[PDB]
Amino acid sequence: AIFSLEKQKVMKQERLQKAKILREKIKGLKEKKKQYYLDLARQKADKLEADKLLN
Amino acid sequence: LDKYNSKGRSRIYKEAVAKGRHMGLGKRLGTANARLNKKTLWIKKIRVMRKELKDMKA
Amino acid sequence: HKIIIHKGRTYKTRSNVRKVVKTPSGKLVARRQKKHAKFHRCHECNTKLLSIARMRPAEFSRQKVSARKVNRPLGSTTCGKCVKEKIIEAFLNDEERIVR
Amino acid sequence: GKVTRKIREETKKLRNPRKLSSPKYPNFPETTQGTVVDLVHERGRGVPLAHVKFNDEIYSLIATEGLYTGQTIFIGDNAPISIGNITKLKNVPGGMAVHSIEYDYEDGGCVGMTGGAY
Amino acid sequence: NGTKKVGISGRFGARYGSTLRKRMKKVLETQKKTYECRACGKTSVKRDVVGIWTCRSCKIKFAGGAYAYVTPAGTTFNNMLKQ
RNA sequence: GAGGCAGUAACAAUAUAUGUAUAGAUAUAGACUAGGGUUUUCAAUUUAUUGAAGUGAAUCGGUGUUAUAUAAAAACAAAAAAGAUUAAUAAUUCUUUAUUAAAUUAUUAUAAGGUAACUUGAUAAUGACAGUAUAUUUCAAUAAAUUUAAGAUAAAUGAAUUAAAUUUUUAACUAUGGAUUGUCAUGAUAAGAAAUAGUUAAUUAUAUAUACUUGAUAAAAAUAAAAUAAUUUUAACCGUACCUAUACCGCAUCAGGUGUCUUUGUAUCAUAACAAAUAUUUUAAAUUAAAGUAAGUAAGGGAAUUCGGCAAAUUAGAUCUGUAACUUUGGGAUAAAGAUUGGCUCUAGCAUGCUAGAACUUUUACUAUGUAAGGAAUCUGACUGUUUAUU
RNA sequence: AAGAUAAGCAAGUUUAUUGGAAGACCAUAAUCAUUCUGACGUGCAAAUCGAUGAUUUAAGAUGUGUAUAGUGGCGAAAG
Ligand SMILES: [Mg+2]
Ligand SMILES: [Mg+2]
Ligand SMILES: [Mg+2]
Ligand SMILES: [Mg+2]
Ligand SMILES: [Mg+2]
Ligand SMILES: [Mg+2]
Ligand SMILES: [Mg+2]
Ligand SMILES: [Mg+2]
Ligand SMILES: [Mg+2]
Ligand SMILES: [Mg+2]
Ligand SMILES: [Mg+2]
Ligand SMILES: [Mg+2]
Ligand SMILES: [Mg+2]
Ligand SMILES: [Mg+2]
Ligand SMILES: [Mg+2]
Ligand SMILES: [Mg+2]
Ligand SMILES: [Mg+2]
Ligand SMILES: [Mg+2]
Ligand SMILES: [Mg+2]
Ligand SMILES: [Mg+2]
Ligand SMILES: [Mg+2]
Ligand SMILES: [Zn+2]
Ligand SMILES: [Zn+2]
């Protein structure tokens, strides 16, 4: 059960990756989204609704 | 108009101290170290004496 | 009677440094300033690495590469005297192997 | 009556137990060579730890008495015996001082962890 | 120079007893002293943390005791390895 | 539902013959958050009632990361400032000059130069981390000079008082060199000093460099590339009025309580006190009671009063002499006990605003405010510390 | 108090500076509650007001976030 110091940084991030996914199984929490000026996927979709009214 | 306090009283009194009048023995209320620091007087002396030794060497 | 104008929160934390500037019309304002940054240091000898631009890492990515680096191998990490010990050491350890 | 102090202290250790490092050394088949990198200090314990480097991997170990940064040590079942080296138990003559003894083979260490005790 | 026989333990004043201040004078003399560097040969080794001694010039850390640079139980086990 | 006591206890009560003014009086004032929710502004009718109007964001907060299996409007993080407008909003509206990010356009270097430290389009860096003391006087502020303006005095005055602006070398590293040299303090050097030639920088006081205390050594994670010019019905969702105590909590327009910051002038250690600035405010009598709540003074005696000097009084700042028994050798000690102190005109030192001495003069000098009564013994606890919110 | 420098006398030892350690000493703002057994006592107030006192770089004071629940919790200890 002996590990190097350098391998222990990998096991922390792998532990902190599972904790990000188990949050979405808890009832009654607000959803985590991306920051708006970096999330380019939402800016494309809302603009598609925008010019649809123009027609 | 607004008011502003006059300093004509204090400008006169500061002139008599410039001749050394009002600094008696009966008008001191602090210690000798409070009115003049003893540490700064050593720094004034040792900085001037170190300057004049460089000029006499050059 | 003049009054200094303050805008924002009034706590004195690390990022809330302010100074007092005088306007042409006569106002007084407490303007905010940028966060204080320090010099980068060598990874081994721990001396101050000058000629590299010291700023916050957000603005540091906007600079040119000549202002981030020095024209030398390992120019971003080491001082330039530590590389002289490395090159002599790396060459001499090869000649010890060929004998033994 | 009420619950006394002794039982109330142990259940306060189950709500927030104390944390330490438990430093162990690896196992290698043959004799290798490693270098001492740096010396640090932890919160709870008084004895300083040491970071050694075997095969480009950095582990943590308890520092022996005369140790300086950059020194070289050997680890193996048949290493020569000197200050700071780690060998098997049968090689050392009678009368010396050892400070990390595993109970069984291929374990980290069990006996002699604190500073000043040998 | 001002003190007759107290020495470095004059900071404690007139409390904690008499023989408790004798035990402080033995330890505080060897902690604040500077020593020679075994690597570079200069007298610049000082202590900063319990069990860590470092030099000012060459900047190389040495392991050691709590309050002394060398331990009396540490030097006897160096002699038996020389033979 | 309504009596007696009873119109009794207890509280509130500035001046002017003409006034949107002339005076008096009390209270430091102004911004962010927690709490309140239209109290904001205007009109009409008398701290009320009704009716209209009012909150404008790519760069000000939230929405993002985490504190070793639900945590931050003060920790971390792409980017702005003046100058004016409204009855009420303004880093949000308008004018002027800027900055960030993403999508489409036009153009192109794939390396030169210096012995070296390094200079220019030519990537792989960090977020990121105790406390105390001393030395720098950056800014800023004072002080001086000058130029425009203001207000008062029966008179007099080398030209007073107030406002606005314009000005007042060091540390690393490299090349020669071969043995000395610095700081307020501790020092630095054959692992190359002084002296020369040169290349980088100088972190703006919440800074820089040193030193000191420790069985205390002083958090995490998301997060990165670069040359020049141009374009845009490109940059989403929520809050932006008002109050800081007569617009909060104590059943109230309650002498109580409540996180942070800023604030002018005289003030020879400071403190205390006064004045600026700003906000509020209208009308009974009086040389006369007793007994109360506060503040003063006292001939002669000086603790005889009392369970007990309970209450009050005396001492006190600063300079110079002088200092005991005892002791855990550090203390006791600022022990105790004496002497001096103003105003004006000069002389003498150098560090140039601090300190000694001398002459003349008076109903004699820290004392408006602030400021230790002292000594000799006994019992008990070692000391700094903590405790029955309300005997 | 350590540390450091000079001038004397002759292995040392007196005198004068520099330096700034300590759960050392004293005040303002802030905090607490010894005495008058003062004021008030159908009160300003279901614990307040005035004078006098004690306190100072720490075993301190304080906003927010997470953890501890009634035969249970927290406690430099008074039920
Ligand atoms: Mg009345
Ligand atoms: Mg209304
Ligand atoms: Mg307004
Ligand atoms: Mg504006
Ligand atoms: Mg607004
Ligand atoms: Mg507003
Ligand atoms: Mg408040
Ligand atoms: Mg009130
Ligand atoms: Mg009367
Ligand atoms: Mg009398
Ligand atoms: Mg009399
Ligand atoms: Mg009597
Ligand atoms: Mg009697
Ligand atoms: Mg009394
Ligand atoms: Mg005289
Ligand atoms: Mg006691
Ligand atoms: Mg009580
Ligand atoms: Mg103290
Ligand atoms: Mg009473
Ligand atoms: Mg429950
Ligand atoms: Mg009892
Ligand atoms: Zn280096
Ligand atoms: Zn060394």
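Each remark here, short or long, concerns the structure printed above.
First, a word on what this report is: a plain description of the structure on this page.

The subject of this paragraph is unusual backbone geometry. Located in the positive-phi region is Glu106 of chain D, a residue other than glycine, with phi close to 60°. Mapped onto the elements of the fold, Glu106 of chain D is located in the segment after β4 (72–75). In the Ramachandran plot, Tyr16 of chain E falls in the positive-phi region, its phi being about 70° despite a non-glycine side chain. A residue is classified by how much of its surface remains accessible, and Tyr16 of chain E, at 53% relative accessible area, is exposed.

Right, let's get into the protein's contact with RNA strand F. RNA strand F sits among 105 residues. The nearest are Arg23 of chain A, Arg35 of chain B together with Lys19, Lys64 and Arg72 of chain C. Sugar plus phosphate, as a fraction of atoms of RNA strand F within 4 Å of the protein: 70%. At a separation of 2.4 Å, a sugar or linking oxygen of RNA strand F approaches a polar side-chain atom of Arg35 of chain B. Interatomic distance of 3.2 Å between a side-chain N/O atom of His1 of chain C and a sugar or linking oxygen of RNA strand F.

Now for the protein's contact with RNA strand G. In the vicinity of RNA strand G there are 17 residues, among which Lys39 of chain B, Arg8 of chain D together with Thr3, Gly7 and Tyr16 of chain E approach most closely. A distance of 3.1 Å separates a phosphate oxygen of RNA strand G from a polar side-chain atom of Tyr16 of chain E. Within the surface near RNA strand G, the residues separate by chemical class into five nonpolar, five polar and seven charged.

We now examine the interface of chain D and chain A. At the interface, eight residues of chain D touch five residues of chain A. Of the roughly 520 Å² buried between chain D and chain A on both sides combined, carbon and sulfur atoms contribute 69%. Contact with chain A buries area across many residues of chain D, yet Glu57, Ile58 and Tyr59 of chain D alone supply 61% of it, more than any other trio. The interface formed by chain D and chain A holds zero salt bridges in total. Residues that form the side of chain D that touches chain A fall into these classes: four nonpolar, two polar and two charged.

Our next topic: a positive patch on the surface. Residue and element names in this part refer to chain C. Together, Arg14, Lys35, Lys38, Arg41, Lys48 and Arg56 line one region of the surface with positive charge. Mapped onto the fold, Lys35 is located in the loop between β2 (28–32) and α1 (57–60). On the basis of relative accessibility, which here comes to 48%, the residue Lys35 falls in the partly exposed class.

Rules and cut-offs
Residues numbered from 1 in each chain as written, not as in the entry; some residues may be left out. Chains lettered and ligands numbered in written order. Part of a larger assembly, values for the part shown. Heavy atoms only, no water. Helix = DSSP H or I, 4+ residues; strand = E, 2+ residues; numbered from the N terminus. Buried < 20%, exposed > 50% of the residue type's maximum accessible area, 1.4 Å probe, protein only. Near = heavy atom within 4 Å. Polar contact = N/O pair within 3.5 Å; in protein donor to acceptor, adjacent residues only side chain to side chain. Nonpolar A, V, L, I, M, F, W, Y, C, P; charged D, E, K, R; others polar. Contact = heavy atoms within 4.5 Å. Buried area = accessible area lost by both parts, 1.4 Å probe. Salt bridge = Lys/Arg side-chain N within 4 Å of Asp/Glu carboxyl O. Patch = residues over 30% accessible without salt bridge, like charges linked within 9 Å, V, L, I, M, F, W, Y side chains within 5 Å. Areas by Shrake-Rupley, 256 points an atom, 1.4 Å probe, with all protein chains shown as cover. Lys, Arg positive; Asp, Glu negative; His and termini not counted. Charge placed at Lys NZ, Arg CZ, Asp CG, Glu CD.

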